[PDB]
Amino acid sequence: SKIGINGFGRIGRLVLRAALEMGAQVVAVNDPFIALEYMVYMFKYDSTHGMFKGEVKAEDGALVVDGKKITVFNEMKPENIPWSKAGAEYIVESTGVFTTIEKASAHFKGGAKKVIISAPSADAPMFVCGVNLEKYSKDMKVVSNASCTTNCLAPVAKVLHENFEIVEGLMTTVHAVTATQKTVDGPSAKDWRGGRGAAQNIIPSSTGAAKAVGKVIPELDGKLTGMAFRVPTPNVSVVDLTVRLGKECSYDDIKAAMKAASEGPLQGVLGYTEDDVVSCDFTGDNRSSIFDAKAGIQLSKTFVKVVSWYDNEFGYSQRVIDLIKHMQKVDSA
């Protein structure tokens, strides 16, 4: 397994949690802003996901989580991380700042084998587990796991497209706050709305998902786009997809198609519920997309609104580990 993590943030830390849950091996973490003793504290306590049940301590300049020793670096520059000292070969690139092939390829200076960007990439091939993993090939050295919204949207869009044909769709994500937002009104020069106080406001915003699903399901390129409203919750978001369909159908056919896929090819990626759920019901949910049967509405035989929940931190971090596992099987690693 031999995973390294660059950026021990919300996703960096929860990928480490997901790796331990899945028996994957992380050997090295890099973050210039989080010293080793502070890394112990940040991994141990999580306001959203609860205290890590397990021993976490610093020992001999390494982070030790349940007996596994994780080498810690504190390099500002990715090209200076000595990944090969720790034996890290598959690097999770989770800073937010090194998303292109050019930028992510800095990790090959330290001896990394493969880099997985935990965000959309302008040029690295993008993957959503359950949707297009079979297009991965072992010569791809830098890949992307797309965004949390793309991972919720792409499963549901795949089911709708295979069964009924998406002629065109528009989506909204009602989206929890992230680390890029601000506690009170402050400077966000490249996104003025995103600078307004996160706890006070519904904030219109862009979404990664819009473009990205057109690269993940190329048949849908240019037939889907959408936007986000950031709202004052700390985690868990919901896709609200309005689609026009090519084939006439009832809402029962939509539900039966989603149910059948969640039991078979999309098992573990797409969930299905008919309960009266609210967003707190998905905190810590492992799935990429949970179809909410009761919340959706069909106006006519070809125009419908479908609602699907995702823990944007936790479900995504579990898919990073799923993607790395797939890549190492194909690579033989």
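Counting begins at 1, following the sequence as shown.
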Tell me which stretch has the larger mean Cα B-factor in this entry, 182-190 or 124-132. 182-190
Mean Cα B-factor check, 103-111 vs 205-213, entry values; winner is 205-213
When you compare the CA B-factors of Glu162, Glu168, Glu93, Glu219 as listed in the entry, which one comes out on top? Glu219
Going by the entry, which of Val278, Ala28, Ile290, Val56 has the most elevated CA B factor? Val56
Splitting the chain's C-alpha B-factors into thirds, which one does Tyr45 fall into? lowest
Temperature factor at the Cα of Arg196, chain-ranked in thirds, falls in the lowest
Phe282: CA B-factor among chain residues, third -> lowest
Comparing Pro155 with the other modelled residues of its chain, is its CA B-factor in the lowest, middle or highest third? lowest
Per the entry's values, where does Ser250 land by CA temperature factor relative to the rest of its chain, in the lowest, middle or highest third? highest
